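Following: one structure in structure tokens, then a few remarks.
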2 protein chains.
Amino acid sequence: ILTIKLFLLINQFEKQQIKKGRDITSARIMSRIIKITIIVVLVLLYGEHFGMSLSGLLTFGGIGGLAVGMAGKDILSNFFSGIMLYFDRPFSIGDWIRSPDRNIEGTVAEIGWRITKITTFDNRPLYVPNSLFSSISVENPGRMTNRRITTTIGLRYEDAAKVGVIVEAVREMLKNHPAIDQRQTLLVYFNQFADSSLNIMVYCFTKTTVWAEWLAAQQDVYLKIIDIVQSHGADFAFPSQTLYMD
Amino acid sequence: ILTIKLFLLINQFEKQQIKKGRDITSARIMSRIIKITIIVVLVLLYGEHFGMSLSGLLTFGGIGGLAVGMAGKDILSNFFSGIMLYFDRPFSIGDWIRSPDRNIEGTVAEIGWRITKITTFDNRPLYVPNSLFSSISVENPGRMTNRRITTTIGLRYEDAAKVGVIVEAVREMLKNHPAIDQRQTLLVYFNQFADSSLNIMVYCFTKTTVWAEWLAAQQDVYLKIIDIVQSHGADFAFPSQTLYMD
Ligand SMILES: CCCCCCCCCCCC
Ligand SMILES: CCCCCCCCCCCC
Ligand SMILES: CCCCCCCCCCCC
Ligand SMILES: CCCCCCCCCCCC
Ligand SMILES: CCCCCCCCCCCC
Ligand SMILES: CCCCCCCCCCCC
Ligand SMILES: CCCCCCCCCCCC
Ligand SMILES: CCCCCCCCCCCC
Ligand SMILES: CCCCCCCCCCCC
Ligand SMILES: CCCCCCCCCCCC
Ligand SMILES: CCCCCCCCCCCC
Ligand SMILES: CCCCCCCCCCCC
Ligand SMILES: CCCCCCCCCCCC
Ligand SMILES: CCCCCCCCCCCC
């Protein structure tokens, strides 16, 4: 009676799946697989009150279950990581995230039970297995507090006598700029010797976190830097070489 | 009687396989393998009602099954991932897919139980084991909503006084173009200092998602950009060097 009821349930499931609008042969194969595994489970369970062997059945069931357990590790890992994300996740729907270990950069769209759906900046869907979030570091640029501006000013080696005044002028301009966060790091210093130029580092932050406003402020700062450099008699350096003719 | 029936079934299977048009010796070897494993299973199962040892049989069967379970992990993994794809797959037949972790780029042709068949853009078949889709991120360019246009304009360092007007003109042209999606990101800004040029970024989207129309729109935009740049008295920059002669 139990077998008949289970077979009726499987047949009803197959009929509903076909009604849902899917392939015939695939549905039949799935039904056959479910029937086979149901029979195996019943035999492993009812192999004593009806069957005779004990040690053989125990060993066969044990080895089968051991193989099944080893084979299905990844799907179960995805499911468990989905549960963990449901209880504790370091992001929300609509958050821009990325990682230094894998390529998952984009905006979160859906958090499912097996995979997480992410919309890339190319406007494409990306499906990430949930088990990744248990082993990689996740960064959340969607929750930043400031945008950083960094650049390098490369002056010619003949302009070594103007580095101090140029650095002072650039620092003053950055200190008096209305778009720069004065409570963050602000560094302008002659930093290193390069192959063809003397490099000056620039390091600051903007109050805004919006893409377009940050880009506009950066462009304004760069143009002001160009004006400052050219007003003191210095100039930017191309790659340079010394040639001995023969 | 059970052994005789099983051997008859195996012989019938071998005869049918030969009738299907395959090698003789291979069929005989497969039949021998199936016979050997059937005998082993029967001995492990019927080793008490006929046999005598219990602990030895249990240990032998356990170690054999443990080795078999470890060895057959990958095939079972492929089968289980095929089942999971049957129930939940992030693509359909005819979808263009790719991945940042492996090389699987192409169009989906068949989704089998062990492998998935993909037609590459080289017009070649590619067979991907199903277990890959449980551990790698899958991207679906076949479901995009827009095509992105990105490029860089590199002006000479002597054209620093025209960057603002050139950026304004390019932004206006992009805003008035009939092929550009005005509801998406649209950025044109002086972006960075390069070794030989001042770089301007361009970032926009097209309404269409068709390959040929996107390429045509991109070509039109590039030609318009060239005209805009050359009309303001600026020019594109070749790689540059400063040479000191001796
Ligand atoms: C009408 C809903 C039918 C749902 C069928 C679920 C089948 C689960 C099989 C589990 C085998 C261990
Ligand atoms: C062609 C449809 C029937 C395929 C049956 C496959 C059975 C595989 C059994 C493997 C036992 C280790
Ligand atoms: C035609 C359907 C064939 C289904 C075969 C299922 C075989 C499962 C083998 C599991 C080994 C542990
Ligand atoms: C929406 C219905 C989900 C049904 C899941 C069935 C799982 C069958 C597992 C078979 C393992 C051999
Ligand atoms: C129509 C399908 C014929 C082949 C079925 C093979 C079933 C093998 C089950 C093995 C369980 C361990
Ligand atoms: C082998 C383990 C399979 C586990 C499948 C769990 C599916 C849960 C889905 C819940 C929402 C549909
Ligand atoms: C099987 C995996 C279960 C994971 C459970 C995680 C529970 C986290 C609780 C955090 C509370 C703030
Ligand atoms: C006429 C169809 C014959 C199918 C033979 C299947 C053999 C399965 C062997 C399983 C050994 C555990
Ligand atoms: C040449 C045809 C017969 C080959 C027999 C190989 C048997 C290998 C047994 C290994 C036991 C560990
Ligand atoms: C000529 C056919 C030889 C077949 C040999 C099968 C040996 C199986 C060894 C399995 C060890 C666990
Ligand atoms: C289409 C017929 C499929 C038959 C599959 C037989 C599998 C034999 C497994 C032997 C393991 C030692
Ligand atoms: C014609 C084949 C002769 C060799 C057969 C060797 C069988 C070894 C079986 C080992 C089972 C563990
Ligand atoms: C060692 C495990 C082998 C499992 C083989 C399953 C084959 C299923 C095929 C169903 C469609 C032909
Ligand atoms: C042995 C692997 C079984 C995998 C079953 C996955 C079930 C997913 C259900 C999703 C419903 C939308």
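Protein chains get the first letters and strands the later ones, always in sequence-line order, with residue 1 at the start of each.
Taking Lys73(A), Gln230(A), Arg22(A), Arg156(A) one by one and counting their heavy-atom pairs under 4.5 Å with chain B, the maximum is reached by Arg22(A). In terms of heavy-atom pairs under 4.5 angstrom with chain B, the leader among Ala71(A), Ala67(A), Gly56(A) is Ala71(A). No other option in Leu57(B), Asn191(B), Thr150(B) has as many heavy-atom pairs under 4.5 Å with chain A as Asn191(B). Chosen from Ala161(B), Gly47(B), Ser134(B), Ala160(B), the residue pairing most often with chain A at heavy-atom distances under 4.5 Å is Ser134(B). Across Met70(B), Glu139(B), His49(B), the residue that shares the most heavy-atom pairs under 4.5 angstrom with chain A is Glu139(B). Note: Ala216(A) leads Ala237(A), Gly64(A), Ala216(A) in heavy-atom pairs under 4.5 Å with chain B. Interface check for chain A: of the options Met144(B), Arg148(B), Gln184(B), the most heavy-atom pairs under 4.5 Å are formed by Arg148(B). Of the listed residues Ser240(B), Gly61(B), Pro100(B), the one with more heavy-atom pairs under 4.5 angstrom with chain A than any other is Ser240(B). Across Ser53(A), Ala212(A), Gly62(A), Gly69(A), the residue that shares the most heavy-atom pairs under 4.5 angstrom with chain B is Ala212(A).
Expressed to the nearest 0.5 Å, how far OH of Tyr86(B) lies from CE of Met30(A) amounts to 5.5 Å. For the atom pair CG (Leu66(B)) and CD1 (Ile63(A)), the distance works out to 9.0 Å, reported to the nearest 0.5 Å. Between the CZ atom in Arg102(A) and the CG atom in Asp101(B) there is a gap of 4.0 Å [rounded to 0.5 Å]. The distance from atom CD1 of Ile33(A) to atom CH2 of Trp113(B), rounded to the nearest 0.5 Å, is 5.0 Å. From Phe60(A), atom CZ reaches atom CG of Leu44(B) across 10.0 Å, with rounding to the nearest 0.5 Å.
Using a 4.5 Å cut-off between non-hydrogen atoms, the part of residues 165-172 of chain B that approaches chain A consists of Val167(B). For residues 193-203 of chain A, a heavy-atom distance under 4.5 Å to chain B picks out no residue at all. Contact annotation for residues 74-83 of chain A against chain B (heavy-atom separation below 4.5 Å, listed by residue number): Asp74(A), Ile75(A), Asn78(A). At a heavy-atom separation below 4.5 angstrom, chain B is approached by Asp122(A), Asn123(A), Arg124(A), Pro125(A), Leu126(A), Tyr127(A), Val128(A), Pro129(A) within residues 122-130 of chain A.
For a residue to count as touching a neighbouring chain, one of its non-hydrogen atoms must lie under 4.5 Å from one of that chain's; by this rule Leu243(A) touches chain B with backbone and side chain alike. Using a 4.5 Å cut-off between heavy atoms, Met245(B) contacts chain A through both its backbone and its side chain. Of the atoms belonging to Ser131(B), not a single heavy atom falls under 4.5 Å from chain A. Only the side chain of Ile29(A) comes within less than 4.5 Å of a heavy atom in chain B; its backbone stays farther off. Proximity to chain B (any heavy atom under 4.5 Å) is restricted, for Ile226(A), to the side chain, taken from C-beta onward. In this structure, the portion of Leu132(A) lying under 4.5 Å from any heavy atom of chain B is its side chain and not its backbone. For chain B, the nearby part of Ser55(A) is the side chain; its heavy atoms alone come within less than 4.5 Å. For chain B, the nearby part of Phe236(A) is the side chain; its heavy atoms alone come within less than 4.5 Å. Contacts between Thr151(A) and chain B at a heavy-atom distance below 4.5 Å involve the side chain alone, from C-beta outward.
Considering only heavy atoms from C-beta on, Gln241(B) stays 4.5 Å or farther from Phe238(A) through its side chain. By the 4.5 Å heavy-atom criterion applied to side chains, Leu45(B) and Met52(A) are counted as neighbours. Annotation: side chain of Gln192(B) is not in contact with side chain of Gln218(A) (no heavy-atom distance under 4.5 Å).
Under a cut-off of 6.0 angstrom, the local environment of OH in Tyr157(B) is crowded, with over 12 non-hydrogen atoms contributed by other residues, nucleotides or ligands. Heavy-atom neighbours of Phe121(A) CZ from other residues, nucleotides or ligands within 6.0 Å: above the threshold of 12. At most 12 heavy atoms of other shown residues, nucleotides or ligands fall within 6.0 angstrom of atom NZ in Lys224(A).
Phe13(A) and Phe87(B) have tilted rings, their planes meeting at an angle from 30° to 60° on a 0 to 90° scale.
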